[PDB]
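# Coordinates in review
Each chain is listed here by its residues.
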Amino acid sequence: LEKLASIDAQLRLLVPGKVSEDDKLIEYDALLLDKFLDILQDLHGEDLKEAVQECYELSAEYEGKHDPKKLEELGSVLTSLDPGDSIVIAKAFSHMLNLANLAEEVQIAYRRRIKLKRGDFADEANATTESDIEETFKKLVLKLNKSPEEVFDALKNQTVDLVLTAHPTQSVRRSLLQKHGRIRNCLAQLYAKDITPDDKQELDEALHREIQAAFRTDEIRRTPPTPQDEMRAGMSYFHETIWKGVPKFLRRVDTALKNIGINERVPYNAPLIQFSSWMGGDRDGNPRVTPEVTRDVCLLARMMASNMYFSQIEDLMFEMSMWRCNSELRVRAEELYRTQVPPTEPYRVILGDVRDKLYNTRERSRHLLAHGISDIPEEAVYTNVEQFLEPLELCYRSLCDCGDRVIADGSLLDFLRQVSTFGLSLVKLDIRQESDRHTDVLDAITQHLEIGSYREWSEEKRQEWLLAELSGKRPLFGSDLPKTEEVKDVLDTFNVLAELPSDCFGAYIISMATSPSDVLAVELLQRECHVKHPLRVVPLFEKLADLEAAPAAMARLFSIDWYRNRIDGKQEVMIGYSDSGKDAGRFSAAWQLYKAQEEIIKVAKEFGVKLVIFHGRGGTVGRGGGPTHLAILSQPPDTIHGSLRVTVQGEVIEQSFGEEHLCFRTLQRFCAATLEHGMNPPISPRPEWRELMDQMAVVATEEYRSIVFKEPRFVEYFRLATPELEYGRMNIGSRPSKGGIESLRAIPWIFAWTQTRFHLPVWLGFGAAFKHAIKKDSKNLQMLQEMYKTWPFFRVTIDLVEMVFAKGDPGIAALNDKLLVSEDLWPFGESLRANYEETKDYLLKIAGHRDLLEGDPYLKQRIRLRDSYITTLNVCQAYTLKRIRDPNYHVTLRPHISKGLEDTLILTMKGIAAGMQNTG
Amino acid sequence: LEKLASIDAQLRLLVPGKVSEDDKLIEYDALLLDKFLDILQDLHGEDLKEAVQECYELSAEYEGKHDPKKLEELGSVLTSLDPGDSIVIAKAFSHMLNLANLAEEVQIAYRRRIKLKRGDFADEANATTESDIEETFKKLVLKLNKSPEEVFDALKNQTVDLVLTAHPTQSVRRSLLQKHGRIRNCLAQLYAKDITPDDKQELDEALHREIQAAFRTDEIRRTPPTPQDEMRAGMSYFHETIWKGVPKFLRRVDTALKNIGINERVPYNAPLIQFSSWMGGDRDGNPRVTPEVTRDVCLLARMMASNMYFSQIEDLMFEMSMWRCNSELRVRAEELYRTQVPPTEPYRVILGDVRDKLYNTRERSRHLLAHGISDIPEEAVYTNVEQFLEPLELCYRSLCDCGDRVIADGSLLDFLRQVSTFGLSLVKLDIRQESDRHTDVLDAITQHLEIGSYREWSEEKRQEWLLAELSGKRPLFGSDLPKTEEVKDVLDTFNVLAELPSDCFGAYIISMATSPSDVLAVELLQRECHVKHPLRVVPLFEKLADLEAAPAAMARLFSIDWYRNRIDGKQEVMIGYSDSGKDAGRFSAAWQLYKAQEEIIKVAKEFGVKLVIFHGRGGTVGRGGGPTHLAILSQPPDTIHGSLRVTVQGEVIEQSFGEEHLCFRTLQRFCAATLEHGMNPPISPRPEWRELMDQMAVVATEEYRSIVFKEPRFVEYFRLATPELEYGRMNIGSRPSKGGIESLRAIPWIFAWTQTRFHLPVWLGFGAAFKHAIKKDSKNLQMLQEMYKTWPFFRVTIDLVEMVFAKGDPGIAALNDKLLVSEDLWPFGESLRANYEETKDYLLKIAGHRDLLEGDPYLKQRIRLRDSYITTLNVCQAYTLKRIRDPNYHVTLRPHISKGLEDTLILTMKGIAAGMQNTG
Amino acid sequence: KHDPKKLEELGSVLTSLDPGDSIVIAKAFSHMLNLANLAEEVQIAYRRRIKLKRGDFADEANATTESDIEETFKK
Ligand SMILES: N[C@@H](CC(=O)O)C(=O)O
Ligand SMILES: N[C@@H](CC(=O)O)C(=O)O
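Residues numbered from 1 in each chain as written, not as in the entry; some residues may be left out. Chains lettered and ligands numbered in written order. Part of a larger assembly, values for the part shown. Heavy atoms only, no water.

Structure determination for this entry is recorded as X-ray crystallography, at 2.71 Å resolution.

In structure tokens, the structure reads:
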């Protein structure tokens, strides 16, 4: 009848909880698990529930003592399941994990903020202590001597651009987030103080039902989804929380402003917040992302957006019942009426006409998507956001003129902000393609023209030629140009950019950029494919050597008159932490990128160019939560200067935007941190620190490279101990290599090692670095410790690695070796595990910590509560990999318990990924 | 800066408040007023705010001491306003009043229920103590020895039919209720314990803004709205609260059932709840309600309903992502797919097809409304509710078959209940017409045929003839029948009933019914106008003499074979409390109707007919709130027998259904009380009581009639002291007479006297009755007191009159006399006021009360808080009536203060009506 | 349930005690009873008075509804 107390007590044995009336995470997990076990019993029988229970207990005992025999006990239960039973159990543990995450969201959403606080930079690393927008304003006036008018001014001119990217292991379906949403809402509401008995009986029932609906929305799908479908799923968070969150956060900004003495509101059309997207735009090493895919996602964006505006304007129309207007609106209303509402309701006549334009904008888009042709003419549709804003501006003005500003400042204002923030699509699409592919197009052209081979030319020649053609008097090539399939694909992409309207797009990112010709090549292609409004061109520098030359590259570009004129004082450059870390190791990349950004800003300053750094995946700003706040504050001085552009990693998007409070705090912290930084850079490092970082980077890079690139048996080891081959072949997303580790892409590199709980890519090299700093001079420990206490960059860098170790378990990696790796390679695995421990030890000593995450007990608890579930998936995954790979491995199967191995593997890969979220 | 405390302290001086953490009404009023005064100042200037403040203080002092000089002080401020200033001030007091009412709704919504209670019938007269559905179940099992299975059974077979009617002084616009809704929601949320500082800053701002939006949604409209427009406005509460409230209440019933040991749910298609409507159907004394109007409202009903189902099914479709179905659904899905979703989502394929049918059903209806013709064929649309239910039943079954009943029992089940409760329209329309109009049609027919004059025939002849024609072999008349306009209008109404589908309609009510021929006449007309499925015919007995003969009338009908066969064991009869009270006075009508219902039930029993009493306006069941609960329990034994049909008076509908909690409790109490009564009738009166009531009724009727019909100067007095002539001429709704008071309609009779705060129609006759009972025999006081303590009917009857006196102020009626009535008629007014006081005194002594509403302090406080505002409107109204009626009356006007007299009068009439709500 | 066999079950456990054990058990139950009474006193001491009440003589039969001295004066 009542097992809720036993589940709760076994959880609390695993976590020494807390008295706080806000700490209820363990209660939430108990309740969710209890309901879930009941469901399992109802659907699959007591015996199956019992088996799930059996596996959980074994995992619990392992997370207690860490006796590795428990993993083999769990193994022998898991390997003895027919594949139908295995699927149900892998699905159970997967679902318990998701539930644990939902519980976490609710806990974070309602945790009390701390009132008394030091106001130093460590407060900015946690949701509970970080500065909200009013606190940041007040800090700037008080501690940095800014007039409120100055703070207001900075804020009006500030942009934060969040760039949405593909979930690496497939995005959750839109209907599943709504279910999740309802589970969270029922969970929140069962603990409200405001309500009675029966309401709770009903919430209990609602929650039970919703845990079940979620579990049975589980269709089994080896064959991937189209990039169009993956884009739709990625766009779900707009309907869920972003659409309302934006106006809600802007209203908070307004209140913060009243409270520091500024009586105005942020203008509705100040572009504080923008969203961009990569989904259907990034084709770098991904030929499923075709020209047609791009054309489609831009149409889908347009369709979704206008569908939202269409539906919202109906609500606005209800509200705008008022009859008093200025004469300017009167005139307009009467015109429209003369060409189905009364004229005594003038706002409704205007908004009704906007509604039809929006309906038209939406049907035109759908037609073009389904057929290429629409009977709906462009004249009857919105093609620029200002056409849509104008009549809304007219309403606003008319209301204020009549004395009803207060009304204008409600729903109408929310709407102006939505329109202005989201514009006609909800996101602008970046295109990304690798520079070789541009070279190939250009070599096809030069060879056709019989003037030689662009590939063979030196860099000085490439520039000389590209500039001569960018002011050429004469087109380069036609349709009759002989093209490989790949070259046709690059050209057809540019033709899409020419055809489609410029408000669909943002950046053309060049992967593997290294020279000025890389950027000039794209400028020429765009001009020659007749892109009337060329996308800005953004180089992505990947390797350490490429980051070293980046500054000179940008100096050259800027000193070219054509390009300088063309760029109109703005340039964006992209960095990719995971990418650079794959080349030199994480530590060395972190340092190089700090320096790279200082150096590129210096060069921009010199040429009078405004420089925007676009943060790609793997940086500490990608963590989400409080840690994102300190991460922003820790950027090098002047590297934001009013413009934050940052990747929202798909594996972090739910946590960041799925729950409405969290979404609000995410937007808040991006605005707060950006504003503060531009007026309050972090401390610049001491010379001694720089010098030590340079020495440490050399050593760190040497360790990492000698293991990852010069150990001849490394790739072999990697392919056995890691599910990277099976991630590739069951392709979850893109496709894994472009050869060895040079050839492998960042995401698969991280994912392979996250799946084994070993995380090599995040920590390798730090151990050599610290060890060597300290042997060289024992005083370096103190300096390292001081850097941790007082240099934000360094704090933040260590904290991310510390978090990754909290998600680590070398016991799991050892089990994979035992099962999957040949005995000859075992000492190699064991030395890599010795390196993990040694690296971890040094990290703890530098942070002044006895255990992992001592500074962040809330995060410690969250991670520890996930581990029981993830661990079962890991053991299941290891033995499933053994069965797939080795046909001659068999065990006695149990008789079927409930009422394909590849399917199990897909399920465990996604679960472990849902559990590990962000690492590097 | 802070006047909130002065407003609050001046209110609390007027009401000696309470410590209860739930009693916040006075705080709510303070806050709402403070924000409102600020708005007035911003929009109209300090001086205008000051004037409103000045008028409020004078009204406050009057409600304190009741010095009548204060009314003249207020008068002299009000009469000195140019008409533009007068409009703004009347609008201010009107808006403050509405605000006071919103505050009240919130107070009632969140007041704590009382846990310990006597469980006697007085507990059922208040929201805080009344029985909910679980308590009623438990009472029936425990105190009446019913098995839960029996209780379940009674409930499955029970119907409650709430019949929506026209607001007597015009329905609030749909957009204004939404605003109201938002003001309430902001008010509730400012006192939530669950939230922080800034949230409140924002709610403050939201509330201020919404009070302003409401104030400026105020267009000035002498020219009435069409009956179609008045029907649309009446239907607003479906979107607001009823649409969700129904499934929500049915789910509560399910929980109550689990909790008394019944594991089933009420079947989704048990018709526990139904709504009907009169709007566009009642034409009795109202020629604006034409055949075309009726045709229209049935189309609008159909349109609205299908628009709601269409929009809701989209949500349901999102939820129904599941892939497991039974084979029956599989087959169907694949068929539909073969004729735009994947087939792996079978519920969505079914629901999508339902969605298109719903869209079609909705466009067909709109076309027919706008043009008479639709290209959309009937085959592609729903014409019967079962066509719509079938595919939903299929989903339900399929889910249960696959083990997912728990899922079926969520949103799908809510939807089945909505569909089944609301059906294809949301309401079925009654038609009502007066019996003379039928006689005229029949006389036109007999004269045409040259067989004499139906009007001239006796009742025995009329029946003989109507029965001969109802089994006639030969049609009565054609199109070439010569018709007056009125006769054509009655025929064309029947032709509408023939053309339109039978699910649009319910009852054909015959006003002024008195004989069996009245009912047989309509049966014949329906047959001869070719109504394939005739509406049931329902007689409305109005006069005392008509109620006396009603039983014999029904005995005759039932003993006629044709009619008996035709009626298939069911008959509805309607009673109209206000109507009968206009003929004989309220007391005498109350008693007659108790007896009438006993007698008609007796006759039905004898003939084996199931009898449904339809309660028209003015009864104690129309009060709303707790009092509706005891009122139902107090019906005579066996007079409900599983079927409650009751009028929801337009002047009570906001209070009953505007706020979601109140809507839920309204549905609850109708179900609770109906179920209990059928198993637990009230005590039948003692013989001594009957005898005393008969003696008291004679005397009560004689007093009332001698004043209202035999005093030759009464009508003259009535037309001077009352705004009834101006209610008529500025027609707010219907139109006032059909002559004298016989000729005047109930609603205008009540409204005239409610506007003067005198309420003559509710209390007159009670005084003579009680006085005479007590002089005859001093022991009668004790018996009267005992009847009050132990006979529910009597309690409830006195309580309604007591409530009306709480809304009374003879000081106001005296002011009207002084200003509007000629001096010769002043002693007449003064004797009527002497009668008020004497009647009130006796009422207090019988109830054992020292002051009005001592038994109901919550209601006492609510009424007292309204009075300040209503009183200002009353004084304004009195002097405005003086100006309209007397051109030679003038006063010095103030210079204009802010930055038509008929308009002011409309405004004061509506305000006083919004303030007085229900009386008789 | 009021199954009378339970009294004899209890009997057979109680009659089988040496007199030293019997004393200690009778003393335990005696003390548990006193404890129960102390708990009752605390419950009655802090139970909330009921604000809304009929003001008839039945209210005077319970601590929670009876009239205090001010209510009696006012009455
Ligand atoms: N997003 C969290 C980690 C997690 O939730 O797994 C962080 O970066 O600290
Ligand atoms: N509806 C309330 C009266 C009112 O709210 O004015 C009642 O009948 O008691």
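## Observations regarding the sheet that holds strand β2 (residues 273-277) of chain B
Residue and element names in this part refer to chain B. We apply this condition: What makes two strands pair is DSSP finding at least two bridges between them. Secondary structure elements follow DSSP: runs of H or I of four or more residues count as helices, runs of E of two or more count as strands, with numbering from the N terminus. Axis definition: a line fitted to C-alpha atoms, over the contacting stretch in the case of helices. Angles run 0 to 180 degrees between N-to-C directions. What makes two residues a contact is simply this: any of their non-hydrogen atoms within 4.5 Å.
Ordered in space as β1-β2-β3-β4-β5-β6-β7-β8, the eight strands form a closed barrel in which the pairing is parallel. The sheet shows a mean angle of 25° between the axes of neighbouring strands, direction not considered. Summarising the sheet, strand β1 (residues 159-164) and β2 pair through five bridges and their orientation is parallel. Across the sheet, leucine 162 pairs through a bridge with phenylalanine 275, a residue of β2. Sheet strands in contact with helix α12 (residues 291-319) are β3 (428-434) and β4 (505-511), and its direction is about 165° off that of β3.

## Here we look at the interface of chain A and chain B
Formally: A 1.4 Å probe defines the accessible area here, and the buried area is the portion of it lost by two parts on being joined, summed over both. The salt bridge criterion pairs a side-chain nitrogen of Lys or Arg with a carboxyl oxygen of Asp or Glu, the two atoms within 4 Å. Whenever a nitrogen or oxygen atom comes within 3.5 Å of another N or O atom, the pair is scored as a polar contact, on the condition that within protein one atom can donate a hydrogen and the other can accept it, and that pairs from neighbouring residues in sequence are kept only if both atoms are in side chains.
The partner chain B presents 47 residues to the 47 residues of chain A that form the contact. Between chain A and chain B the total buried area reaches about 4,000 Å² when both faces are included, carbon and sulfur atoms providing 40% of it. One can count 12 salt bridges joining chain A with chain B. A salt bridge links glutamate 205 of chain A to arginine 265 of chain B, with the shortest nitrogen-to-oxygen separation between them at 2.8 Å. Across the chain A-chain B interface, the total number found is 32 residue pairs in polar contact. Looking at the side of chain A that touches chain B, the elements that each hand over two or more residues are α8 (174-190), α9 (197-215), α11 (236-259), α12 (291-319) and α16 (405-408) of chain A. Broken down by element, the residue count for the side of chain A that touches chain B peaks at nine residues, all from α9 of chain A.

## Comments concerning the site of ligand 2
Residues and elements named next belong to chain B. Going by this rule: A single heavy atom is enough: if one lies within 4 Å of a molecule or strand, its residue is considered near that molecule or strand. A 1.4 Å probe and the Shrake-Rupley method give the accessible areas. Residues count as covered only by the protein chains that appear here. Nonpolar residues are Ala, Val, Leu, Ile, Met, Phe, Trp, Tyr, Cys and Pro. Charged residues are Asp, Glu, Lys and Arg, and all others, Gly as well, are polar.
Taken together, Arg623, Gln655, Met803, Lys807, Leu859, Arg862, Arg866 and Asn918 make up all the residues around ligand 2. The side chain of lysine 807 places a nitrogen or oxygen atom 2.9 Å from an oxygen atom of ligand 2. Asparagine 918 has a polar side-chain atom sitting 2.9 Å from an oxygen atom of ligand 2. Contact with the protein chains covers 98% of the free accessible surface of ligand 2, which is 270 Å². The dominant element in the shell around ligand 2, judged by the number of residues it contributes, is helix α39 (residues 857-885), at three residues. Its residues assigned to classes, the shell around ligand 2 comprises two nonpolar, two polar and four charged.

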